[PDB]
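This report concerns only the one structure given below.
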Amino acid sequence: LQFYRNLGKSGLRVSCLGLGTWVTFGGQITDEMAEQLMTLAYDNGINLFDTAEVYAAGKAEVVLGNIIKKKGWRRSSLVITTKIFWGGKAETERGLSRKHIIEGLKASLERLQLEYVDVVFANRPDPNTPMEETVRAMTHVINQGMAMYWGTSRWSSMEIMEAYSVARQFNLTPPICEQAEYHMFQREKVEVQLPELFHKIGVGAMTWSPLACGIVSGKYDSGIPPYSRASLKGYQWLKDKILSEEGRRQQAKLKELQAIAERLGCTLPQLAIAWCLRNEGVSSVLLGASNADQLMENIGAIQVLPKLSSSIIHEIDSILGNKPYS
Amino acid sequence: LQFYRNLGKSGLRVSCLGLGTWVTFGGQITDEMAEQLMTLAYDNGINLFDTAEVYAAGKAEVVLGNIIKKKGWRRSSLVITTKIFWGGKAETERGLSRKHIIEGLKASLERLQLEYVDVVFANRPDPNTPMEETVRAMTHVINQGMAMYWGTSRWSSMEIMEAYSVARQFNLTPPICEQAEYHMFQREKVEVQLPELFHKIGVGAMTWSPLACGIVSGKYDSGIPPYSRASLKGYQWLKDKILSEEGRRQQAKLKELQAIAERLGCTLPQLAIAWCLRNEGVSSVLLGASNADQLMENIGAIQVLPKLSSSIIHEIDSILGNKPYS
Amino acid sequence: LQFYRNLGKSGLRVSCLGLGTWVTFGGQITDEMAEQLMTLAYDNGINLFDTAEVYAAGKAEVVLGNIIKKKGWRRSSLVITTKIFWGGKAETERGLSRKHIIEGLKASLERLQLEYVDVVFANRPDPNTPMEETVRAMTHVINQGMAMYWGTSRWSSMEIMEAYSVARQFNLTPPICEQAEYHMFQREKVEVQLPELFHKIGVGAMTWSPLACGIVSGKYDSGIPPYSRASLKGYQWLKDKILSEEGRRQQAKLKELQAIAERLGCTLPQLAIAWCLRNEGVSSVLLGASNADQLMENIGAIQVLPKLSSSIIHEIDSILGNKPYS
Amino acid sequence: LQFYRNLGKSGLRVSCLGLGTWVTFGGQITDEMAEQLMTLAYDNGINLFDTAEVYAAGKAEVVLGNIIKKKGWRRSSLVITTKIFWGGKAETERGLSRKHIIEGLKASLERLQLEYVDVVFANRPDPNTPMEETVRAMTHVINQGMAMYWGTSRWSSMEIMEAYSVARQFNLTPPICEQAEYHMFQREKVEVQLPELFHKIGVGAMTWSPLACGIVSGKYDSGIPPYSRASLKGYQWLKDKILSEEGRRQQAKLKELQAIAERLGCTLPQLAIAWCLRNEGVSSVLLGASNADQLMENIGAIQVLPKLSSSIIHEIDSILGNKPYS
Amino acid sequence: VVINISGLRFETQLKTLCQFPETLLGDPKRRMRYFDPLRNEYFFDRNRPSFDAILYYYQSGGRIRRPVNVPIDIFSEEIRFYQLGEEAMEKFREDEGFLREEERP
Amino acid sequence: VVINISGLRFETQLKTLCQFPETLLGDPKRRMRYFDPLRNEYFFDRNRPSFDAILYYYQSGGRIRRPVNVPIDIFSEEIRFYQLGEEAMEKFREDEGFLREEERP
Ligand SMILES: NC(=O)c1ccc[n+]([C@@H]2O[C@H](COP(=O)([O-])OP(=O)(O)OC[C@H]3O[C@@H](n4cnc5c(N)ncnc54)[C@H](OP(=O)(O)O)[C@@H]3O)[C@@H](O)[C@H]2O)c1
Ligand SMILES: NC(=O)c1ccc[n+]([C@@H]2O[C@H](COP(=O)([O-])OP(=O)(O)OC[C@H]3O[C@@H](n4cnc5c(N)ncnc54)[C@H](OP(=O)(O)O)[C@@H]3O)[C@@H](O)[C@H]2O)c1
Ligand SMILES: NC(=O)c1ccc[n+]([C@@H]2O[C@H](COP(=O)([O-])OP(=O)(O)OC[C@H]3O[C@@H](n4cnc5c(N)ncnc54)[C@H](OP(=O)(O)O)[C@@H]3O)[C@@H](O)[C@H]2O)c1
Ligand SMILES: NC(=O)c1ccc[n+]([C@@H]2O[C@H](COP(=O)([O-])OP(=O)(O)OC[C@H]3O[C@@H](n4cnc5c(N)ncnc54)[C@H](OP(=O)(O)O)[C@@H]3O)[C@@H](O)[C@H]2O)c1
């Protein structure tokens, strides 16, 4: 329906698709494909761009900050996020302490060459640091000007409620968003838990990896194609999930959904992206592409969403069968 | 009565007339008429100068910041305001979010070449952004030094009371003023609503467009004079309000008030400006002029106010007949 | 008794005498006498130096900031104060608003060439500005680093209690001191009112003009000596207070106290300074001198204080007779 | 057990040994031995480095800041502390006032050439300054960015509870640590008092001088060796504690503990360091060395700790006999 | 809205007080002199336990009780001070049992 | 959790309210419309002294009292509003002595 929607109940207006960053930027794909990938995504209305400080050991940000410096886009028209967690080998360089949030955002604001990011994310929950230190540290970088909002990522629905009860007590700022994984085979958290937080306290949801790193892309039925994600080093954990019997059963479940894709005049990635956007409790979907012909067919999946009637939803549920108990 | 009065219950002392800025500055009139218009207004005791960031697409501020840089006036003797709302084509460049208030005031503090404005105004209410984000954002730019006070504009009397109940809860700063339209044909809000807020919470009133963009100026009886406001492009909405039967009925009501102007040794703009200043619930009136001979006759309308007895008020009410139900 | 005492109940340690600044610095005396006056006062243990922004129309600070720049004293060993009130002809340049405290301290931190003063004083109470604006403005300049403490001057004992009930409510900083006039002929406020505030809330007292601008100095019995304070322009109000019958009655009361001065091996200024220091509710006395031979006899009045027994106090009370009703 | 443990309940992860700084750095040992002493301690996993502003009259920091500037270590991998108390001859240059914490940390951030220290310590309690001023001053330097945490040193267990009841009232930051002396002959405070604060409010313990300035090092049985600590000037108070009968009785108690050292394949300093680390209520031990062969045998005392069974603890208690009454 | 009866915080909605738009608390020009713009509340220096039955009169929609501790000469003043009207004053009458005297023919 | 009964702050644990997972306060979808995300509390505009015996019902584990000041037609509505159930409604019955009528054969 709406293209530009609010991030939860905050004032940030994000595009419903957002170009992410992983192994592609600074790693797998080159630097000229990266500048090509951003200019044909920014021109199609997408303003939300993600990164972190663990991607490519701090090289995914230098290839992202060089594009915006060269292309000359206004900073007021973009939304740049950044996650903080593992960015060092030392002991005092990974965590959600006050020393790492203030230093990690300051060092990742020179690789991006900016002056502030829009949202700064806590990449995973820290059990050693108390919750009062992480809420006080994220409010300090907002008030110094280094960010505008903050949000959690991979936190449970109890630790988001715990980092809100602290912020409403010490007069600090609560989080505005949450990054939770969401596709057709991991739909537990964003369907039964996060829609209750959106009505209670008003956090959003910014789902990541909607194609399960290319598993739902349908390229993994006959084996491993060359120059794919699983054919790179460090991704044996991905390849052992599709070579196993559990992944091939999902590949057996992808054959019937292939038939529902061609019925609606689309392909299977264009269904799986627009399947995530069928709700109102999801505020944006973080995409990912390796070349230009992958991306422009993914942005085209907005028009698939008005074709997504209640009948096609109700029988996709029959093929998957992993509807969570509500 | 008093020339320099307080802005509501705050500590800011403003002149009761203040030179505004619209289509004139940077648009209609030239740049040499603009520097002439400010030096013969600052020398007559007026210190309050208004602008915004939507006027002339961000060119009304460059012609205002160049005058104060050239004329060499002390910054401590002036009061410069600025409104924030529409200042971009993008989606994340118009609103009252935290991202636009902090960026829009920072970009409009380079076109003015200053270091801080005195009041920063919210130009119209935003329904998407919650009230806690706009009060927290306006308190952030005050504490960083980029402003001194803040106020609302075109907000209802409920959303000013809502942006005060938040500020007294989270220990933030409430607004000090409100810009509401006020002339002889729009006198509803500033007469029955805003005098109740001045006694309850202590906001002021800074009325804008006292001549209804030249309608009360008496130049629009025989048609459209050349080089007027209605004769410019983008002002068909003004011209269709005076060519309609509703505006000509107001022109029929301006013929009798023309007779009351010459009785008191003044003209009809000098009555209409001093008619607004007859209260104590109005703290300043924002003027507007196109040339020097328009302005010096408007500043002269201070002395008309001690001639404004209760008899002339009570029969001007009979000619207009739009006295609101109290 | 003790030389370096606390300023009230704060942590600031001030010398019990402090060299002030008025008509002498930048006005009456020259600039070479001024540098001579500071180096022979700083070497005798006095660290507290006063100024304001109305003295010599902003020239008493340029002659004070040039000495510390030239002599090369460490900033951590001094205590420099500054009062804010009248420092401009305009309407928005005098008051205790948020616009004048932030601008007046910033402009008076370039004439002093420092980065921060120690105490910033409100020179007289403002009836137009509400108390919540002046406490919020003085807490803003402390948190920005431009000052360290703040205090009131010429405020009544109710408006110091009102600027404390606000600061303990909105979580701001209360004042630490108060400048009240104190000599043998004005001893009402510092004896019956300010010792109750020192026990209740913990403010101090920093008395000013202990010789009543040279009236108690004994030089004004036979008339006006040349090159005195009363012989300068703008001081007719002083001269009409000593030429009147009321001042000559005080001169009649100074003849007997002249006899008590020579009994204790001192002169009459050395008694009147040490008469003020006989309490514990007074934390410092702000001196004032015109040449070197005036000052070194005034700093010597510390040793007169252990000679001040209860008998000499009880009969000085008999000569003056203005003991306030306790 | 664990090498890198949390500092109390905060998020700071410190090594259980930390190289301190006293008479050695900038004083006794040279500058080339100092750079040698840090590089062979940083390479063994120790990141916690201590200093203050009274050591060598402000020269222990210039020799510490020059090493990190030259060696090129990342600031995010270190933990640098600093204590504030006596750093001037003047009266307003020693204390825990707001004027000395803000100035003393700013001047000690140019001798270290850093931009922020990790913990800033209050070196001893101040009875003149109220507790609300010291908690407000330490929260001001944290929020300005000049530090990250703060802690107390030599404060009693009541003044740490008093500087916590204030911080939880005015919405400030409580301390996270406490430096208390701890060895075999001063074990009162860290064994019966500070383990109650770790469970109640969550402060840590960072013990200093574990060898009692070389008394437990076993070099002081036959007299004073040359080039020792007691053989330097200004350390007569140390020499009169080992030449007295009380210290020789401790030397009589060191002869039996010499026998327990060789039984476990270690020397007596390697026992005394690992004796302090046997608890969980102690978060780090601040070492001290004069040359390289002293230090590398002290870092080796980690492996002595798993040999420290309950039997060797229970009979070391029999030799000393100063077990506090629990 | 927040009402502070000499230290006790009573906090109810605005539409509850607007059910009776003729009383003290219902009229936005009569209660406006008891405002406190520093704490955003109305401060009355009245008896503490007598307001627990005044607020329940607005919430229930017309019923008048009397708490057990407050005597009758005290609770008859709070109905006179909050200007509840003679309709509410006579509803307090037969709740205490004392019926008013009938008009003579 | 914090419950704000028209100005009076009651603050209990979450596992106390989860002992009775069918009432108003026990069901996280029925009490969710009374939340207040600015102060992090639940705001009910009900009678003040009647909730002191509702909260003790959860804390003690099932007992129902009645405070002395609140009458029976008031306290019978708070059990109906907080949806304590007929088990708790009939436990309020014989506590007041009034036994229900037996079913005729
Ligand atoms: N907060 C966290 O903890 C966290 C952690 C990890 C990632 N993330 C975010 O998640 C975002 C999404 O990353 P993702 O790569 O996992 O999302 P994804 O959409 O599930 O992965 C897409 C991958 O499949 C391929 N692909 C996309 N469309 C295709 C199409 N039509 N046909 C064939 N192949 C197609 C692409 O190249 P290939 O064919 O070469 O595979 C791409 O690499 C990342 O950018 C990152 O910002 C967040
Ligand atoms: N907060 C908001 O949302 C908002 C929105 C809009 C404007 N404003 C403020 O309102 C302020 C007032 O603007 P305005 O122009 O609408 O006020 P105005 O006084 O009603 O308009 C005066 C216009 O009429 C003409 N005029 C003035 N005196 C005259 C006289 N004696 N005889 C003949 N013509 C005369 C002038 O030139 P012409 O004859 O050529 O017309 C001028 O353009 C603006 O400066 C702006 O700061 C605020
Ligand atoms: N907070 C406020 O509102 C406020 C207002 C005004 C002043 N103040 C402070 O008050 C401070 C004190 O100023 P003040 O001049 O009025 O104090 P003062 O001690 O009463 O005046 C001393 C004057 O008398 C003369 N004098 C001093 N000792 C003398 C001696 N042994 N023999 C003969 N003459 C002697 C000096 O030169 P002469 O002989 O030439 O007179 C000097 O000018 C000022 O520095 C200012 O900082 C504060
Ligand atoms: N917060 C406070 O108030 C405060 C006050 C004072 C100190 N401190 C901290 O305490 C820290 C520890 O200082 P410290 O010197 O007193 O600790 P220490 O470990 O008790 O003293 C060790 C001294 O003994 C010698 N030594 C060490 N190991 C030895 C070994 N195996 N064999 C022979 N000699 C050995 C060393 O050289 P020598 O043989 O030449 O003696 C060294 O000088 C300081 O760095 C400082 O940061 C804190």
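Note that each Cβ is placed from the backbone with ideal geometry, even for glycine, and that neighbours are counted across all protein chains shown. What follows draws every value from the coordinates through simple rules; no lab data is involved.
What to note about this one:
- Residue-level result for chain C: its Cβ closest to the axis carrying C onto D, with that distance in Å, is C:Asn171, 5.
- From helices alone, the protein assembly as shown scores -10500 deg cm²/dmol at 222 nm; the rule is -39500 (n - 2.57) for each run of n ≥ 4 DSSP H residues, then divide by the residue total.
- Amide H contacts of C:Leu12 (H built 1.01 Å from N, under 5 Å, at least 5 apart or other chain): C:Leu7
- Using a cutoff of 8 angstrom between alpha carbon atoms and counting only pairs six or more residues apart, the relative contact order for chain F works out to 24 percent.
- Count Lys and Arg as plus one, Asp and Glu as minus one, and take only other residues whose Cβ is under 13 Å from that of C:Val23; the net charge is then +3.
- Counted by neighbouring Cβ atoms within 10 Å, the residues B:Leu286, D:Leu48, D:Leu1 run from fewest to most as D:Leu1, B:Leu286, D:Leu48.
- Residue-wise HN-Hα coupling along the stretch B:71-79, computed from phi with Karplus coefficients 6.51, -1.76, 1.60 (Hz; x: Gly, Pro): 5, x, 7, 6, 5, 6, 9, 10, 9
- Sorted from closest to farthest, the other copies place their A:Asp240 label points 7.1, 7.1, 10.0 nm away, with each point set 7 Å from Cα along Cα→Cβ.
- Phi-based couplings in Hz for the stretch E:37-42 (Karplus 6.51, -1.76, 1.60; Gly and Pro marked x): x, 8, 10, 6, 7, 9
- Summed side-chain charge close to A:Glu132 - residues other than A:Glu132 whose Cβ falls under 14 Å, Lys, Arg +1, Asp, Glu -1: +1
- For D:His183, C:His100, B:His199, A:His314, order by how many other beta-carbon atoms lie within 10 Å, fewest first: A:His314, B:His199, D:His183, C:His100
- DSSP beta bridges in chain E [antiparallel fraction, %, rounded to 5]: 65 percent
- Using only alpha-carbon positions in the stretch C:1-148, the gyration tensor eigenvalues give semi-axes of 26, 19, 13 Å once each is multiplied by 5 and square-rooted (largest first).
- Rounded to the nearest whole Hz, the Karplus-based 3J(HN,Hα) values (6.51 cos²θ - 1.76 cosθ + 1.60, θ = phi - 60°) of the stretch C:283-294 follow the sequence 9, 7, 10, 8, 7, x, 9, 10, 7, 6, 5, 6, with x at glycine and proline.
- Centroid-to-centroid separation of the stretch B:34-90 and the stretch F:47-65 [C-alpha atoms, Å]: 64 Å
- Within the stretch B:231-304, the trypsin sites (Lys or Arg not before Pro) that combine a DSSP coil assignment with at most 11 other C-beta atoms in a 10 angstrom radius are B:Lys233.
- Loop-resident GluC sites (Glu not before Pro) (DSSP state other than H, G, I, E or B) in the stretch E:1-78 with no more than 14 further Cβ atoms inside 10 Å of their Cβ: E:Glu22.
- Seen against the Cα atoms of chain D and their longest principal axis, helix D:245-263 is set at about 70 degrees.
- A Förster radius of 30 Å combined with the Cβ-Cβ distance from A:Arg278 to F:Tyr34 puts the calculated FRET efficiency at roughly 0.50.
- When you filter the chymotrypsin sites (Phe, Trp or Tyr not before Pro) in the stretch A:1-73 for DSSP loop state and at most 16 other Cβ atoms inside 10 Å of their Cβ, you are left with A:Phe3, A:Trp73.
- Under 14 Å, Cβ to Cβ, from A:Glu35 - net charge with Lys/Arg +1 and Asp/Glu -1: 0
- Residues A:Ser157, A:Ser222, sorted so that the one with the fewest Cβ neighbours within 10 Å comes first: A:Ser222, A:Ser157
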